[PDB]
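Notes follow once the structure below has been shown.
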Amino acid sequence: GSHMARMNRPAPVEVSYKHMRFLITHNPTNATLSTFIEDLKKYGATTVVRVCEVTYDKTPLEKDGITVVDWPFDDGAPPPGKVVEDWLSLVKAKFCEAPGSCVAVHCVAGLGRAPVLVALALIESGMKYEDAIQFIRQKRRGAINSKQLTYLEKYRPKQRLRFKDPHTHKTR
């Protein structure tokens, strides 16, 4: 009312290494749009990856004027890892073009898809499989079973697999 508060909204989380940083926040609410653009943008301005059901795509982006990727889960939601490859390119371009910028992501405090996306984005900084698994491990991420570890494993190159011997034989 005057000086009393209620409800407990998920707390934000910022993941940063070296120079760049990341922001983990909850999707826009219907009671305070402006307050969100200010805080979300307050930390900084860069691409944003929110993987949740779309309710207000224009309100938050148009108010903060920030670039964001809309990843929804419906009857026609692309399940293949290729989707990740899509957000990877988006962040990859925004990462190389904007060194040490400010990114915003969905609240990983629960279970979702944003957490994997974030790690994969920071992967561009070198320690791809190492940073993603290490930085994502520290922070609470969705249910990582097969795709995350298998996908990232393939996401990182290995000379051990590209070991070809000069003298060899072929038949089948």
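In the structure tokens, each chain is lettered A, B, ... as it comes, each chain's residues begin at 1, and ligands are numbered from 1 in order of appearance.
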Quiz item: Can you tell me, as an MDAnalysis selection string, what residues are no more than 8 Å from residue 13 of chain A when counting only C-alpha atoms, ignoring any on the same chain fewer than 5 positions away?
Solution: chainID A and resid 23:25 107
Please dump the current selection as a short mmCIF file (atom, residue, chain, number, x, y, z; two decimals), in the first residue's frame; keep C-alpha atoms.
```cif
data_model
loop_
_atom_site.label_atom_id
_atom_site.label_comp_id
_atom_site.auth_asym_id
_atom_site.auth_seq_id
_atom_site.Cartn_x
_atom_site.Cartn_y
_atom_site.Cartn_z
CA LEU A 23 21.98 -10.89 -17.34
CA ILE A 24 19.45 -13.45 -16.18
CA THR A 25 16.00 -11.94 -15.57
CA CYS A 107 15.32 -16.31 -15.64
#
```
Quiz item: Would you give me, as a PyMOL selection string, the residues in chain A that DSSP reads as alpha helix (DSSP H)?
Solution: chain A and resi 33-43+58-64+82-97+114-122+128-138+147-155
Self-check item: Nearest-residue call for residue 9 of chain A, choices A:87, A:27, A:94, A:21, using only C-alpha atoms
Solution: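 Closest to residue 9 of chain A of all the choices is A:27.
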Self-check item: Who sits within 12 Å of residue 56 of chain A, only C-alpha atoms, same chain under 4 positions skipped, as a ChimeraX atom specification
Solution: /A:27-30,33,50,52,60-63,70
Save out the residues we just selected, N, CA, C and O atoms, as a tab-separated table (two decimals), in the first residue's frame.
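The resulting file, result_14.tsv, is shown below:
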```tsv
chain	number	residue	atom	x	y	z
A	27	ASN	N	10.80	-12.95	-17.44
A	27	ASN	CA	10.10	-12.39	-18.59
A	27	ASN	C	9.21	-11.23	-18.14
A	27	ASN	O	8.82	-11.16	-16.97
A	28	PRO	N	8.92	-10.28	-19.05
A	28	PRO	CA	8.12	-9.10	-18.72
A	28	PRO	C	6.77	-9.43	-18.10
A	28	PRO	O	6.11	-10.38	-18.49
A	29	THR	N	6.39	-8.60	-17.13
A	29	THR	CA	5.12	-8.77	-16.44
A	29	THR	C	4.08	-7.82	-17.02
A	29	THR	O	4.40	-7.00	-17.88
A	30	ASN	N	2.85	-7.94	-16.57
A	30	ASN	CA	1.77	-7.09	-17.07
A	30	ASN	C	1.50	-5.90	-16.14
A	30	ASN	O	0.75	-5.00	-16.50
A	33	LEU	N	5.72	-2.69	-16.94
A	33	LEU	CA	6.51	-2.81	-18.16
A	33	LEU	C	7.70	-1.85	-18.13
A	33	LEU	O	8.85	-2.24	-18.36
A	50	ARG	N	15.30	-14.64	-24.80
A	50	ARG	CA	14.22	-15.04	-23.91
A	50	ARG	C	13.47	-16.23	-24.50
A	50	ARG	O	12.77	-16.09	-25.50
A	52	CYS	N	10.59	-18.33	-23.86
A	52	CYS	CA	9.36	-18.53	-23.13
A	52	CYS	C	8.18	-18.27	-24.05
A	52	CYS	O	8.35	-17.77	-25.16
A	60	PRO	N	8.10	-4.92	-24.50
A	60	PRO	CA	9.43	-4.90	-23.89
A	60	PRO	C	10.54	-4.44	-24.82
A	60	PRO	O	11.42	-3.67	-24.42
A	61	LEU	N	10.52	-4.91	-26.06
A	61	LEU	CA	11.56	-4.54	-27.03
A	61	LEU	C	11.43	-3.09	-27.48
A	61	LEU	O	12.42	-2.36	-27.55
A	62	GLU	N	10.21	-2.67	-27.79
A	62	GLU	CA	9.96	-1.31	-28.25
A	62	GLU	C	10.24	-0.29	-27.15
A	62	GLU	O	10.58	0.86	-27.43
A	63	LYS	N	10.06	-0.71	-25.91
A	63	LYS	CA	10.27	0.17	-24.77
A	63	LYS	C	11.75	0.30	-24.41
A	63	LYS	O	12.20	1.36	-23.96
A	70	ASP	N	13.28	-14.25	-29.99
A	70	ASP	CA	12.07	-14.82	-29.42
A	70	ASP	C	12.01	-16.32	-29.66
A	70	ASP	O	11.76	-16.78	-30.78
```
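Distances from A:111, A:4, A:116, A:69 to residue 147 of chain A were compared using only C-alpha atoms, and the smallest one belongs to A:116.
Each of A:133, A:127, A:68, A:121 was checked against residue 96 of chain A using only C-alpha atoms; the smallest atom-to-atom distance is that of A:121.
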